[PDB]
Structures are given as structure tokens and as C-alpha cells.
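4 protein chains.
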Amino acid sequence: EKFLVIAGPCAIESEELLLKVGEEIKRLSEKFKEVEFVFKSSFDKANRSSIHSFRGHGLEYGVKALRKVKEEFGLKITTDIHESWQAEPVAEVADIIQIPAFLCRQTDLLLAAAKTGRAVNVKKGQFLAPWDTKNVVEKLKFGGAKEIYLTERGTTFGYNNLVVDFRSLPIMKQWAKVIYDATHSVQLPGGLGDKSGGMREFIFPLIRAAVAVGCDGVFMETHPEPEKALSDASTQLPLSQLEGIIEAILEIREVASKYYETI
Amino acid sequence: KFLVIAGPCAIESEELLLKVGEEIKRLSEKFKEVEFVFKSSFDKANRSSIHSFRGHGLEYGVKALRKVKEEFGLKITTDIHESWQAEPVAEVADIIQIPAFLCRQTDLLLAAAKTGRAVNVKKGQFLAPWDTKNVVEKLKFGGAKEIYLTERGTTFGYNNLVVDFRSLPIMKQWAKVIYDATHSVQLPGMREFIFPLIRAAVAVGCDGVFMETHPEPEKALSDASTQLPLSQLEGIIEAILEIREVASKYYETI
Amino acid sequence: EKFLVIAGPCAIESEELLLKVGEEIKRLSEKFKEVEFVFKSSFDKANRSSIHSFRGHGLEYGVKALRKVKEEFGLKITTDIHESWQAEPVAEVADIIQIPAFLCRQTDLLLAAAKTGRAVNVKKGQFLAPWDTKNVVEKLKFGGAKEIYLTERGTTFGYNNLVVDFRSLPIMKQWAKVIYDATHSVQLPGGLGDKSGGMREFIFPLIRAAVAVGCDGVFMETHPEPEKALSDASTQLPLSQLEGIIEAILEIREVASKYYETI
Amino acid sequence: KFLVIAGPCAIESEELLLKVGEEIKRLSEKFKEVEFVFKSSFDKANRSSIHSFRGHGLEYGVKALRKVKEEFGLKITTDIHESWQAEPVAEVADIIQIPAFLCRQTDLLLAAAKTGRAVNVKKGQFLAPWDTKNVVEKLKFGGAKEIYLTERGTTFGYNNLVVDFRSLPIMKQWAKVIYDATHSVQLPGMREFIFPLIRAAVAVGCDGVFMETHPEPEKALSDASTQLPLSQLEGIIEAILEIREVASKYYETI
Ligand SMILES: O=C[C@H](O)[C@H](O)COP(=O)(O)O
Ligand SMILES: O=C[C@H](O)[C@H](O)COP(=O)(O)O
């Protein structure tokens, strides 16, 4: 099956930022033809730790910027929703509607996404056990979703820390396609006080682990200059490093693929 | 004064709310030093299963809670799940409750704060005690003046929650602290530990306790495994008041 | 039943330190006659994080110092053993043989302690679930132990942190008398790099919780000047604060006692 | 070269050790680029139950391991539980193993280091990756020169272990790292995850893998639920060598 790579800047800092990242993602989609790329960027960071942190320029602006990316580069689009009313307008541009981790159990949000006819990707809550995602998928199927993804993004491990239990990949595979979030899984929740931290040095090794275990795609936030990012400045991957990372996981996926267990 | 938030988990019917409300009113008259607040959700918006009981809607719920307040003169509290619900709920709710999974949703907090009502935020199972400082700041920014933080357990491995009592004194630095005695013992995805842990909460020191109670928990449509039998409420309240009376002498300052 | 208070300096820094603490503990035993005091101090810190940290002055010296305390103040004694061969010599002075947390599953150590005829107190391992202590008690009974205690001292919660799950008290009570370790439960394992950390501000509130829930005794390390201690300098209670703490828990225990559940 | 430590969990009989040893010798000849080390415990000193299988004693065990080394020319490794055992075990053991629960027992580490043999310390389930730096220092202080640290899971709630693969690169800063593929999936107080996680270990990067194997795990007297069927060992070794070959290109320096 075609491997999915969901990538883009964490937040829609500006339409300009999007086109800059989109251009590179488009270049890679032409090179890695065996990969299905989906451009990701949040029109709103509705769950920042601090009231003073950057949120975004609004739904309207965001959808417009994302539409420009799709129009200019012919790339599929994905963005996350935070309340039920956002599903409809977002569905006009998003090929995949993303459900935030903290909201993976909010029935109406899932239902709103499902009835749009678009694919739905649910970030597994940091509080959820792998087997608890079966009911999440059930809700989505009940709501009409035909293409469902479950994203591993770490689990609460003590305070301000997340651990990735790779046993989750084969477990969740029982009921949906699985995506590994390489950038949020290394973040340190509320690790900086008013903001969350992260350990960039672990992004690559853990993504290698994900493809060796086996998944249907990877999710990576990337920014031309992470240090200047307005969100997840500590975990976004420098855009120049994206190509090498993707080549690496495709290579590891290929050699490991013959050993992937049948669910 | 010490806060006691009690009531049936879900508004299964205003009939149920009236039966539970009568007992709470009674206790209310017996324990004058305690401020009682009637709680019940008009919607269980986060059930694990799509086939589980959610409720009868916001309108029916607000109406039923209206009945309780008017008929018994008891303050009211219920939780909201999306921003638009804040205003209509604030019509009857003296305290707007923010769900644990939603404790970081900025717009929900701001929406609640804007109503002018008191706001009680359930501490997310993924949150550290010190991470709640930012939660309080959001509410203050939104105009909230009466802010509560509720301890309801922290993720401890899979399908289990642990109560780290160190959280009470930490959260007390920036808000009044409430201990949720019934959800803290639930196994995500029990009853025998409700009383022991509530005794610990008052021994450590908190500003109030949250307890879901139902005439027949066995038949409850929500949290059947952890809702306290109505008939046992009086005894537990008396017990925690006695422990608090003695222990309060040692509560640390700030 | 008579409430147990196990207290003393973490390590036997010197026979002088012991007599200084013993004197105060003796004074309190005369005041709190409803309490059974047991003087505690390790002749060896055999599991320090760093090879450079203080361990002790040897078994011989330690037993001699502990014997002096028992002889001079008529106090019961408890100390921990680390290898099977230490059970016999230690049993000559120790009324209660303590089994370290990391070693709570070492069959031969438990058996060695049990056959001495002395009481045995096992620190619950940071890796053990409350219900897993049933087999620990079974081993001890199998080995001849007639008086057994299980001590709650925290559970691994993420890295370098411990949490106290008070549900452990009523669970362990099903098969043994339960003791709450007020000082090790707030320590931060390896929190200082070459040594462990601790948060003294939580010792009192958590001990209040322990007696409200209900236990058969408490364990507290105390030192005339904690800041100068050679071990657990961050968690040992200042000796001057001991009396007030004990009075407080007896008061809370009394008022809460009528509500203690029957096992 | 890449290390592969394999063998039956417990020395149920030297007969068993010989059967497993023959297969390991065979693989040894087929995978010349891999350094095989035969492992088996002469005593399960930390079983949960007093009624569970422990072993036939140190003497019988050392004799059986002697047989394996002499008959197949395979290096040997076994664990010790008390200081006095280091010397006699070092007679046959090329690598002395330190149990996870005992990774902080200074005298056991020093005793092992004094023998002059290599020392492999199982990382305690209560230990953080960076906490192992001190463990290595103790061994170096004791004269140890060949030191290994083994990842075998970390306490994650009750009766469960999680493998935090971030540990591999962290521990690599001060010692060679081994990944225990069979104990990492055990539930304290399963099998389907052994292969997936071992693939991850080599994709991330480690200096070797530890795998308990038995002709008929179902009948094993120890770790029956997690011991790998002998017949599946070859396939898994070939698989991890292939993944390592490709992934090694990306292993981070130090
Ligand atoms: O991904 C979710 C959050 O927005 C995340 O923790 C980053 O936000 P913060 O830096 O405001 O905590
Ligand atoms: O209680 C056990 C230890 O000795 C504890 O962690 C304190 O030792 P450290 O400061 O050497 O880690």
C-alpha cells in the first residue's frame, strides 16, 4: 500500500510560510512517488498551555492559505478541528480532518468530522490505552467515516513527559490504518512552564523504530527555521532535513516490510 | 466555607434529580457550615462507546436543574463541552464545570469565564499539578474571579488512575482546590476506595469535595461502578467534617 | 492495637548521632505511651546511586552502636540487611529485620530473615503492585515469620519521581500489618544526578493522608541537622519537629479510626 | 561485532542446555559476523511465588554451562544474586549478568567487576536512562573494562512494562547497549510483541540483543509466556541483521 507522509508547519504562521514548505513538499512528492504526501498546518492552536502563546490568524484565513497550497502545488490537505461547527467549513479544503489528542473522546466532534465524507485522522489521547481506540473507530464508522487513521503521539509517563509504547502500532492496526507522529511524541508537555518542551535528538531514532515495527504512515512537523517557529519551536524538524529523513524511513520500511505481522 | 458538590452523574430524568435533590437539601439543613452545590451533567459528551447513555439534551437538562434550584434553593453546577453552551448554561449554573479532557481548550475556558459565573476546572489526567497555573491564568484573563481546580486522578499506566495528593497543596497556590472522590477511583476504559481516599483528601487539606451520588448506583446509566449510594452520603459528610475539624489545625499556609 | 512509630537517622553516621536521636525518641516514648517506638538506622547504605556516596562504618560497628541504643534507652531496634549472611548477626540486636525495597523479591534474603524468629518488615518495591505483596508475605510465612509488616514507600511514576497510591494501604492490609514510610515516599530517585532528591514540604501532608486512610504505623527518618546528613539529606525530618508530627498523626488517627474499613 | 545473547531462561537440566546449545552453535557457524553468547540462569532467585521453579543450584548450573562451553566452544553468561557467587561463576562465565532488581547493589557490582570478566547490568525497571551513568562508574571503579547495559522495560503503571527506546542512545554514551527482547514484553506479577520490538531496537541502534529461547516454551519452568521457540530463532536473527545492515547507516554518533 502507498505509504503516507503527513508533513508541514505546526501552525499557519502566514500564507507565505505555507507556500515555502509546500514547495519543498511538492518537490519531494515528485521524487518519492511511492509516497502519498498530505500537507498539514493548524489554522488554530486551541490548546496552548499559556493564554499568551500564539494561536493563529483564524479559521477563514487558515482555510484560504491551505487552499492556496492545494491550488498551487496540487497537494492533499489536512488540518485539525476543535469544535463541531468547524467540520463543515474545514471539509471544503481538508482531504483529511484531524481530531486533536485531547479531544479524541468528544463524540460530537468525531461525528461532525465523519459526516463530511472526508477521511478522519484521530490523534490518540495521551490518556488512552491502545485497545481503547477500538471504540473511537466504532464512533467514526457509526458516523459514516470510510477512511480512518489513528495516530500514535505518545502516552503520559509521569509529569511533563511522554513515552512511545510501540506495542500500540500492531494493536491499533487491528481496526484502522496507523500513523506515527514523530514530532509530538518527543515533546515535553508543559516542560518550559508557559510552553511545552521537546527533545529533537530523539525524533529520528524513534521514527526509525516506528517503520521497523510497521505503520501506514508518519506525521512530521517541519519549519524552515524551527527556532523561530511560533509553536513547537523545540520539536519541528528543519525543512532541509525532511528529504533525508523520508529516504531513511522508506529504506528501513522496505527491508523490514517482509517481517510485518498480519493482523 | 467547606464546599460539597454532589448529585447524580447524569441527568437521567428530572425525577431522579428531584429525589437526589431532596436528600441534598436535607443534608444542607443539617450541615449549615457546609455549602452544598447540586451537580449533574446534561450530557456525557465523552463516553467510550457510541452506544452509551449521553442524556436528554441541553434544554431538558437546564430545565431540570432549574427545577432543583427553584424547588430546593440549592446552588447548581453542570459541565459544558463546547463554547456556545456557556451562556445558556450560566442561566442556572452557579458554577460552570470544565471537563478534564477539555481543561486546555482556551475558548471553552474563556466562554465560561465570560458568563460571570464561578468556574471549576477538572484537572486533566495528563496534567501535572504545576501545569494548572496556566489554566487559572486563562480564566482570570477571561474575567473569572471565583476559580476552582478539581483533583480527579492522573494517568498511571493503562486503564488506571492514581491520586497524587501532593497536588492539593500545589494547586492551592493559585486556586481553591476540590477533590473528586468518585472519578479518582474509576478505571478508564473501585467503590471500596472512595471513602478511604476522601478521608486522605481532607487530612491533607482541600476547599471542598466532589461526589456523585445515586439512589441505586447499580441502575445508573453512567458511572454505575463508582456512584455513591445516596443513603451513605450523610455518614461520609459527617466523617470528613470531623477529620477536617481536627486536621485543619495542621494545614500548611498557602 | 498499639500504633507503631519507626524512627531514627537514615544511616549510622556515628554512635554519637544514634544516642542523640535515641535520647529524644526515648523521651517521646515516655510521653506517647500508646505508641510502640522502634529505633531505626542502617549500618550500610548498600544501594547508593554513586560509588562516592557515604555507605557506613560496617556491620560490626553498626550492630554495636544499635546495641548501645537498646541498652541505654531500652528501645526496640530495626535495621536493614542486604545479603543472606547478615540476617543472623543482625538478628542479635534487631527486633525487626528490614528488607530493602529493591530486594523485596529476593527469596533467600526473605527466608534468611524469617528463620531468625524476628519480626520482618518489607519495603514494597517501587516496581511492585499492591496485590503483588501477597506472595511476599507468603514467602515469609513459609520461612517461619510470625510478625510481618509491609511498608509503603512510593511507586515509580515516570523518571526520577515516586507517587504514593494510597489504595495500597487497604489492599496490603489484607495480608499483613501496614507501615507508611513518610520520608522515602517524597524522595526523587536520582534527582540530583549522583544522589537522589526529595521534597520535604510534602512529608507532613502525605503522612496525614496515611493515617486518615489508616495504617498500623509510620516510618520516619529524622536527624538533628538534616542538611548535614550523609544520606537522604533532603528528606530526613529535623529531630525537633518529630514530637509535633507524632502528636498530629495520633490526633488524626483517633478521629479517623471509627471509619477504618474492616478487611 | 553485533552481540546475540540467547539460551533457555533457567537451567532446567544440562540436557536442555545441550539441545539449545547445539542450535546456537549451528547459528553461530551460519552468522560469522555475530558474536553469540549462551545464557541460562542457575537460579531464579526472584520468583514471585515461593512455590515456583528456582533451579538445581550453583554447582549443577556451573557444571552444565561448563559442558556447553566445552562441547560447543560458545561463550557463556549467567546472572549472580549475591557477592560470593561472582568468583565461582567467573570460572565459566565470560559475561557476568547483574539482575535488574539488583542493578544498584554496590557490592554485587564490585564483586562482579573484581573477577576480571565482562559485566552486563540489566537496567532496573525503576531506573531512568541517565541514572545508569552511575552504574557504569561503579563497575569501572571496580576494575571492569567491558561493560554492557541492558534495556528490559520500565515500570509503567501496575503489572506492565514499557520500552522507552530513547534509552538506547542515552545509555550508549557510557556503555555498550543490549536490548532484552523477551523480558521487555513480560507483564510483572506478550509473545506477539517480541519480534516487532526487537525490529525497533535494531532500527534505533544497539550493540546486541538478548533473547531467551526454549524448544517448547509451553513446558518451560520459567518465563513460559515469553520464551522464544527455538525454531524461530534463526529467522529473527536473519531479520534483525538485515534491518541493522540498512539502518546502521543512520545510527547517530555517540
Ligand atoms: O500539541 C498540543 C499543544 O498545543 C502542545 O503541548 C504545544 O503547546 P504549548 O507549547 O502551548 O504547551
Ligand atoms: O533508599 C535508597 C537509596 O539509598 C536512595 O535512593 C538514596 O540514595 P542516593 O542518594 O545515593 O540515590
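Protein chains in written order, with the working numbering: chain A, 5 to 267; chain B, 140 to 393; chain C, 5 to 267; chain D, 140 to 393.
Quick reminder that beta carbons are idealized off the backbone N, C-alpha and C, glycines included.
- By the neighbour-count criterion, in which 16 or more other beta carbons inside 10 Å mark a residue as buried, residue 104/C falls on the buried side.
- Assignment of residue 267/B by DSSP, reduced to helix, strand and coil, places it in the coil class.
- In the pairwise beta carbon analysis, the region 231-249 of chain C is classified as not touching the region 173-181 of chain C: fewer than three pairs are separated by under 8 Å.
- Judged by DSSP secondary structure, residue 142/B falls within the beta strand (DSSP E) whose first and last residues are 142-146.
- Around the C-beta of residue 31/A, fewer than 16 other C-beta atoms lie within 10 Å, and the residue is accordingly described as exposed.
- Residue pairing by DSSP places residue 294/D opposite 300/D in a beta bridge.
- Residue-level contact check: residue 148/A does not touch chain B, since none of the beta carbons of chain B fall below 8 Å from its beta carbon.
- Within the same chain, 147, 359, 366 come within 6 Å of residue 353/D by CB-CB distance, once the 5 residues on both sides are set aside.
- Spanning the alpha carbons of residue 76/C and residue 85/C requires a straight line of approximately 23 Å.
- Taking a Cβ-Cβ threshold of 9 Å, the residues of chain C close to residue 382/B are 216, 256, 259, 260, 263, in chain order.
- When rounded, the separation of the alpha-carbon atoms in residue 65/C and residue 95/C is 15 Å.
- Note on residue 265/A: under 16 other CB atoms within 10 angstroms of its CB, so exposed under the neighbour-count rule.
- In this structure, residue 285/D lies away from residue 306/D, with their beta-carbon atoms at least 8 Å apart.
- The residue from 329/D, 259/D, 226/D with its alpha-carbon nearest to that of residue 277/D is 259/D.
- Ranked by Cα distance from residue 16/A, the options 54/A, 252/A, 26/A are led by 26/A.
- Scanning the region 221-266 of chain A for uninterrupted alpha helix (DSSP H) segments of 4 residues or longer gives 246-261, listed from N- to C-terminal end.
- Counting every other CB atom within 10 Å of its CB across the protein chains shown gives residue 355/B a total below 16, marking it as exposed.
- Residues of chain D whose Cβ lies closer than 7 Å to the Cβ of residue 213/A are, in chain order, 304, 339, 342, 343.
- One thing to note: residue 260/C has its Cβ within 8 Å of the Cβ of residue 215/C.
- Sequence-ordered contacts of the region 286-311 of chain B with chain D read 295, 296, 297, 299 [C-beta pairs closer than 7 Å].
- Distances from the CB of residue 191/A to the heavy atoms of ligand 2 are all 7 Å or more.
- Within chain C, the residues placing a beta-carbon under 9 Å from that of residue 335/B are 170, 171, 173, 174, 216, 217, 218, 263, 264, 265, ordered along the chain.
- Distances from the CA of residue 240/D to each of 337/D, 319/D, 185/D, 332/D were compared; the closest alpha carbon is that of 185/D.
- With respect to the 8 Å criterion, residue 194/C and residue 57/C are not classified as neighbours on the basis of their beta carbons.
- Contiguous beta strand (DSSP E) elements confined to the region 39-101 of chain C occur at 39-44, 80-84, taking only those with 3 or more residues.
- Per the C-alpha coordinates, the member of 39/A, 79/A, 18/A, 24/A positioned closest to residue 251/A is 39/A.
- Using a cutoff of 7 Å, the CB of residue 200/A counts as near ligand 1, since one of the ligand's heavy atoms is closer than that.
- Interface annotation, residue 47/C: not in contact with chain B, CB-CB separation never under 8 Å.
- Shortest Cα-Cα distance from residue 207/D to any of 232/D, 227/D, 224/D, 252/D involves 232/D.
- At a cut-off of 8 Å between beta carbons, residue 55/C contacts chain D.
- Proximity of the beta carbon of residue 52/A to ligand 1 is indicated: a heavy atom of the ligand is located closer than 7 Å.
- In this structure, 381/B is the residue among 381/B, 350/B, 197/B with its C-alpha nearest to the C-alpha of residue 170/B.
- In terms of Cα proximity to residue 91/A, the closest of 118/A, 20/A, 147/A is 118/A.
- Less than 8 Å separates the beta-carbon of residue 133/C from that of residue 297/D.
- Per DSSP, residue 112/C lies in no beta strand (DSSP E); the unbroken alpha helix (DSSP H) holding it starts and ends at 111-118.
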